[PDB]
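Undergrad: Sending over a structure as structure tokens; questions will come in a sec.
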């Protein structure tokens with residue numbers, strides 16, 4: 001459908017994320033409209049810190 | 001159906017609309033004439049596509065269908081677009097408003 005233009009785009013793109021545990025498989029399947037991953041991120045979380053928005 | 005509104009009120013506009021889910025395929029066609037319908041509502045920040053779900057629910061206030069109610073706040077200078085081939089309970093009155101720092105609600109006699 002046609003949405004009001006934002007940055008000259010009448011379409012929209014939704015962004016998704018998931019954390020894949022070690023030894024698990026993630027499967028992608030599509031007949032279209034898939035913005036595939038190219039770079040993923042191996043990481044180990046800490047006990048949560050926060051985010052500071054400041055100059 | 002295709003109708004658009006641009007907020008020229010200088011403040012936020014609260015827009016509400018409803019989606020109707022008939023009880024039977026007969027009821028769908030008797031109201032909207034089209035069997036396979038959709039509703040789309042789009043703004044600079046809102047975007048949702050609605051698909052009517054037709055089935056007989058237990059009667060509540062003598063209604064076997066259901067109607068879902070939705071709202072969004074349209075920022076100044078933005079456009080909200082409605083598109084439908086049926087099942088759209090369109091806005092008629094919207095509300096230009098300016099929110100405060102939140103108060104609360106008292107339920108009392």
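Throughout, read-outs are computed from the coordinates displayed, never taken from laboratory work. Virtual Cβ from ideal backbone geometry, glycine too; neighbours counted across all protein chains shown.
Undergrad: Take the residues in the stretch B:47-90 that are within 13 Å of residue B:14 (Cα to Cα) and surrounded by 15 or more Cβ atoms within 10 Å (Cβ to Cβ), then tell me which one is nearest to the other protein chains (Cβ to nearest Cβ).
TA: B:79
Undergrad: Can you report the number of residues in the stretch A:1-25 which are exposed (fewer than 10 other Cβ atoms within 10 Å of the Cβ) and more than 14 Å from chain B (Cβ to nearest Cβ)?
TA: 9
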